[PDB]
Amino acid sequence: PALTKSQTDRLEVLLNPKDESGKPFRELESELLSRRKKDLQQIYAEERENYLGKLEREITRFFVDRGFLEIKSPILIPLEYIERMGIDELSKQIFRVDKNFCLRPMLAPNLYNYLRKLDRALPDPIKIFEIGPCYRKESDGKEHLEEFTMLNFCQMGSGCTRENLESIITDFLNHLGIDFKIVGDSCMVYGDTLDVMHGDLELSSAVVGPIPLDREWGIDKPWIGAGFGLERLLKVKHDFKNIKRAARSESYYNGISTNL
């Protein structure tokens, strides 16, 4: 008669945000299987782009067009960078590799190094961004991924104000068509942050520098910056119930179940 919890989980795997009893499980599953097969057929026939790759390209274009230098820095980083970030909490979340390296939990340490290095070469202000993989061991799975993709943009020198920071965030999310509000918060590493919220979901943490951590990185200039999770952005944009639908995955492709 009624659907079992397991059957309901199965159908929810196959259900897409835009799909609209007493039909049996077998027929409801058959219908959804058919719809999802067609969705993949249509991607494959027409656009062929992965949502995560595509979102990366669109964001890349956005920040390049606005004068930010595209960075591609190591994903595998020295463990010393974690301790020099003031992280000794987030520390139980570090995936260690060999005795000396770890998978980066954020883009900040490498970007600090780039800011200092490029200050010797580039005119004020220095505007840079990176998009790439980051890793944190996470107890949750609703809004948290162990393997995720962060965007971090930043500016150092002139014009490093809270206004300009907010303006960039605003232009950015309006460009992407993502609703948001900016609330003042704090964290252990940075501040004093600004959190960019979608309802109760954190899209970004942002900071207006300087902060005292800067000195450890040879930075003695005003700066502003923000990190965004690309999977969180996709989750909002596509109305995905679970963030796993927006991840690097063998179970979902563009939020469509691959288990068909």
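Don't overthink the numbering: it's just position in the shown sequence, from 1.
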| item | value |
| --- | --- |
| Missing residues, deposited sequence, between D88 and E89 (class: none, 1 to 3, 4 to 9, 10 or more) | 1 to 3 |
| Residues with no coordinates between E20 and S21, taken from the deposited sequence as a class | 4 to 9 |
| Mean temperature factor over C-alpha atoms, higher-scoring stretch between 187-195 and 29-37 | 187-195 |
| Within-chain third of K181 by Cα B-factor, per the entry | middle |
| Within-chain third of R48 by Cα B-factor, per the entry | middle |
| Ranked against its chain, the third holding the CA B-factor of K241 | highest |
| Ranked against its chain, the third holding the CA B-factor of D214 | lowest |
| Among modelled residues of the same chain, the CA temperature factor third for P133 | highest |
